[PDB]
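What follows is a short report on a single structure.
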Amino acid sequence: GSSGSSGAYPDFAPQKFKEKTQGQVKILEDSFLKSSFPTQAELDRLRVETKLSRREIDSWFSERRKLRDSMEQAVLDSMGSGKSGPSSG
């Protein structure tokens, strides 16, 4: 474990965001596979373990469901954003 939990903060990391590491994903799958919607306690262990943040995971799980739904009849919320910067994007 660590002295302090994993939390966001105002700083510039010299390393760019990398794809989800096998280990991390594996840790999440174990939880998700069991319960799509993790509990405070669960997630808490997910972030620290996978070394990710609430938002970070939020995406993984959010999408993970889409795969399970299989384009089935289910109510969902609406959202849309626009991000730019790098070339060919």
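Chain labels follow the order of the structure tokens: the first chain is A, the next B, and so on; residue numbering restarts at 1 in every chain, and ligands are counted from 1 in their shown order.
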Quiz prompt | Residues within 12 Å of residue 56 (chain A), only C-alpha atoms, excluding chain neighbours under 3 positions, as a ChimeraX atom specification | solution = /A:6-8,17-20,24-25,28,43,46-48,50-53,59-63
Exercise. Write down as number ranges by chain the residues of chain A whose backbone DSSP state falls under helix (DSSP H, G or I).
Key: A: 22-34, 40-50, 54-69
Keeping only N, CA, C and O atoms, take the residues you just selected and write them out as a compact mmCIF listing (two decimals), in the first residue's frame.
# COMPACT_ATOMS: atom_id res chain seq x y z
N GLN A 22 -2.07 -4.24 -18.59
CA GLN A 22 -2.71 -5.53 -18.38
C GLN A 22 -3.10 -5.71 -16.91
O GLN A 22 -4.25 -6.03 -16.60
N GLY A 23 -2.14 -5.51 -16.02
CA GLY A 23 -2.40 -5.66 -14.60
C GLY A 23 -3.62 -4.87 -14.15
O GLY A 23 -4.55 -5.44 -13.57
N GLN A 24 -3.62 -3.57 -14.43
CA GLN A 24 -4.74 -2.72 -14.05
C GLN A 24 -6.06 -3.30 -14.53
O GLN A 24 -6.93 -3.65 -13.72
N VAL A 25 -6.22 -3.40 -15.84
CA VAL A 25 -7.43 -3.94 -16.43
C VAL A 25 -7.85 -5.23 -15.74
O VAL A 25 -9.03 -5.43 -15.44
N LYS A 26 -6.88 -6.11 -15.50
CA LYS A 26 -7.15 -7.38 -14.84
C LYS A 26 -7.77 -7.17 -13.47
O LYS A 26 -8.69 -7.88 -13.07
N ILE A 27 -7.26 -6.17 -12.74
CA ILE A 27 -7.77 -5.86 -11.41
C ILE A 27 -9.21 -5.37 -11.48
O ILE A 27 -10.04 -5.71 -10.63
N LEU A 28 -9.51 -4.56 -12.49
CA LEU A 28 -10.85 -4.02 -12.66
C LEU A 28 -11.83 -5.11 -13.09
O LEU A 28 -12.90 -5.26 -12.51
N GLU A 29 -11.45 -5.86 -14.12
CA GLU A 29 -12.29 -6.94 -14.63
C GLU A 29 -12.79 -7.82 -13.49
O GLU A 29 -13.98 -8.14 -13.42
N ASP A 30 -11.88 -8.21 -12.61
CA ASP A 30 -12.23 -9.05 -11.47
C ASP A 30 -13.42 -8.48 -10.71
O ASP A 30 -14.33 -9.21 -10.32
N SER A 31 -13.41 -7.16 -10.51
CA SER A 31 -14.48 -6.49 -9.79
C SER A 31 -15.72 -6.35 -10.68
O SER A 31 -16.81 -6.78 -10.31
N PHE A 32 -15.54 -5.74 -11.85
CA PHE A 32 -16.64 -5.55 -12.78
C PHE A 32 -17.36 -6.86 -13.06
O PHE A 32 -18.55 -7.01 -12.75
N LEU A 33 -16.64 -7.81 -13.64
CA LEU A 33 -17.22 -9.12 -13.95
C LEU A 33 -18.20 -9.56 -12.87
O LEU A 33 -19.24 -10.14 -13.17
N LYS A 34 -17.86 -9.28 -11.62
CA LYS A 34 -18.71 -9.64 -10.49
C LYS A 34 -19.87 -8.67 -10.35
O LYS A 34 -21.03 -9.08 -10.32
N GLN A 40 -18.25 2.05 -3.07
CA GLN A 40 -17.23 2.95 -2.55
C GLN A 40 -15.98 2.17 -2.14
O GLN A 40 -14.87 2.49 -2.58
N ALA A 41 -16.17 1.16 -1.30
CA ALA A 41 -15.06 0.34 -0.84
C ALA A 41 -14.32 -0.30 -2.01
O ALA A 41 -13.09 -0.25 -2.08
N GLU A 42 -15.08 -0.90 -2.92
CA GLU A 42 -14.49 -1.55 -4.09
C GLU A 42 -13.63 -0.58 -4.88
O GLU A 42 -12.41 -0.72 -4.93
N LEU A 43 -14.27 0.41 -5.50
CA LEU A 43 -13.56 1.41 -6.29
C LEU A 43 -12.30 1.88 -5.57
O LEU A 43 -11.21 1.89 -6.14
N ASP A 44 -12.46 2.26 -4.31
CA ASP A 44 -11.33 2.73 -3.51
C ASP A 44 -10.12 1.83 -3.70
O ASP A 44 -8.99 2.31 -3.86
N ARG A 45 -10.35 0.52 -3.67
CA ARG A 45 -9.27 -0.45 -3.84
C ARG A 45 -8.86 -0.56 -5.30
O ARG A 45 -7.72 -0.91 -5.61
N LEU A 46 -9.79 -0.25 -6.20
CA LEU A 46 -9.52 -0.31 -7.63
C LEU A 46 -8.55 0.79 -8.05
O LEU A 46 -7.54 0.53 -8.70
N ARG A 47 -8.86 2.03 -7.67
CA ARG A 47 -8.01 3.17 -8.00
C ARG A 47 -6.59 2.97 -7.47
O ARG A 47 -5.63 2.94 -8.23
N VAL A 48 -6.48 2.82 -6.15
CA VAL A 48 -5.18 2.63 -5.52
C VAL A 48 -4.42 1.48 -6.17
O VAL A 48 -3.27 1.63 -6.57
N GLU A 49 -5.07 0.32 -6.27
CA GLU A 49 -4.46 -0.86 -6.87
C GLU A 49 -4.01 -0.56 -8.30
O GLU A 49 -2.82 -0.61 -8.61
N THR A 50 -4.97 -0.27 -9.17
CA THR A 50 -4.68 0.03 -10.56
C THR A 50 -3.94 1.35 -10.70
O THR A 50 -3.52 1.73 -11.79
N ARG A 54 -10.73 8.20 -9.89
CA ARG A 54 -12.16 7.96 -10.07
C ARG A 54 -12.56 8.15 -11.53
O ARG A 54 -13.11 7.24 -12.15
N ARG A 55 -12.28 9.33 -12.07
CA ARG A 55 -12.61 9.63 -13.46
C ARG A 55 -12.01 8.60 -14.41
O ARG A 55 -12.71 8.02 -15.24
N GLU A 56 -10.71 8.36 -14.27
CA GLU A 56 -10.01 7.40 -15.11
C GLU A 56 -10.82 6.11 -15.25
O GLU A 56 -11.21 5.73 -16.36
N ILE A 57 -11.08 5.45 -14.13
CA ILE A 57 -11.84 4.21 -14.12
C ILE A 57 -13.25 4.43 -14.67
O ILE A 57 -13.73 3.67 -15.51
N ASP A 58 -13.90 5.48 -14.18
CA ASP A 58 -15.26 5.81 -14.62
C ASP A 58 -15.44 5.50 -16.11
O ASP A 58 -16.46 4.94 -16.51
N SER A 59 -14.44 5.86 -16.91
CA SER A 59 -14.49 5.63 -18.35
C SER A 59 -14.47 4.13 -18.65
O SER A 59 -15.31 3.63 -19.40
N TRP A 60 -13.51 3.43 -18.07
CA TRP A 60 -13.38 1.99 -18.29
C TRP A 60 -14.70 1.29 -18.04
O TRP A 60 -15.22 0.59 -18.92
N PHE A 61 -15.25 1.47 -16.84
CA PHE A 61 -16.52 0.85 -16.48
C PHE A 61 -17.64 1.33 -17.40
O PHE A 61 -18.42 0.53 -17.92
N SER A 62 -17.72 2.64 -17.59
CA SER A 62 -18.75 3.23 -18.44
C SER A 62 -18.84 2.50 -19.77
O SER A 62 -19.92 2.15 -20.23
N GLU A 63 -17.68 2.27 -20.39
CA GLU A 63 -17.63 1.59 -21.68
C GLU A 63 -17.85 0.09 -21.50
O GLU A 63 -18.61 -0.53 -22.25
N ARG A 64 -17.18 -0.49 -20.51
CA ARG A 64 -17.30 -1.92 -20.24
C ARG A 64 -18.75 -2.37 -20.34
O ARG A 64 -19.04 -3.47 -20.82
N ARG A 65 -19.67 -1.52 -19.89
CA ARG A 65 -21.09 -1.84 -19.93
C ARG A 65 -21.59 -1.92 -21.37
O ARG A 65 -22.31 -2.84 -21.73
N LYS A 66 -21.19 -0.94 -22.18
CA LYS A 66 -21.59 -0.90 -23.58
C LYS A 66 -21.37 -2.25 -24.25
O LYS A 66 -22.18 -2.69 -25.07
N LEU A 67 -20.27 -2.91 -23.90
CA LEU A 67 -19.94 -4.21 -24.46
C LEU A 67 -20.92 -5.28 -23.98
O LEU A 67 -21.30 -6.17 -24.74
N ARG A 68 -21.33 -5.17 -22.72
CA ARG A 68 -22.27 -6.13 -22.14
C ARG A 68 -23.68 -5.91 -22.69
O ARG A 68 -24.41 -6.87 -22.94
N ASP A 69 -24.05 -4.65 -22.87
CA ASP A 69 -25.36 -4.30 -23.39
C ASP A 69 -25.61 -4.97 -24.74
O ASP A 69 -26.69 -5.49 -25.00
Quiz item: Can you tell me how far CA of residue 89 (chain A) sits from CA of residue 70 (chain A), in Å to one decimal?
Solution: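 These two atoms are separated by 27.5 Å.
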